[PDB]
């Protein structure tokens, strides 16, 4: 009730399944002398909105969880609004990279804020440049790549399901795999798919809802996992029900009636270096909550 995630919420669960509790299921902090990267990812549902929330201060988050790189989705920013925010950004993180939808305005929008100068930063899939909907940001680091994405929602009526499955999902795969040729890859963001029924509260009701269509779930396996990539949370907390998105319509958060739509998918070659893929259901301000990764470098 003050921690409603700790309660298991599911329409057709299984007895083995236990609800994720970060305070008990998270490994202890890593040893002092460990080359680690700590990333965080959050679909803020409007960056401007979020900065104007209860008492939100990015600085607090970066103090609370001491993240090295922050990945944001659905900034809802225009390329005009970037310079202002880029200053107000978390102080101490001065290398920030932003991508905004230029078509539908105040929609979509990705961003990577880091205190580690990347070796390079490119937007969109390949040298095609910024995605029109500002949905892809890719950053090269010394040992790996980090792709932040806000996958296009197939929409109500699934009127974008064909674009999603036949175009987006494919190109995102091809982008990732081309990169893996050189350095390993870490994909994160709002992938907009609950892979399994453990990743959703009402699997049956949402069989034709965007996010849980068999088509989208197959593509997740086919275009991504079955092509060399690992769901960091799922490998670490098998049979644990943790959600990353709760709707506003019915206060799903107060009832943990949630989906898991945000991931940290990593290449197999690096899956052992994963220390903790986690979820922070406590941090409000968005219909999504933050998720984090601690990767031994």
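Residue numbers count along the first chain shown, from 1.
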property	result
Mean temperature factor over C-alpha atoms, higher-scoring stretch between 79 to 87 and 210 to 218	79 to 87
Comparing 64 to 72 with 258 to 266, the one whose average Cα B-factor in the PDB entry is higher	64 to 72
Candidate residues 94, 196, 190, 133, the one whose C-alpha B factor the record puts highest	94
For residue 98, the third of its chain into which the C-alpha B factor falls	middle
Third of the chain's Cα B-factor distribution that residue 4 belongs to, per the entry	highest
Third of the chain, ranked by Cα B-factor, where residue 29 sits	highest
Third assignment of residue 116 from its chain's C-alpha B-factors	highest
Modelled-residue ranking by C-alpha temperature factor, third containing residue 48	lowest
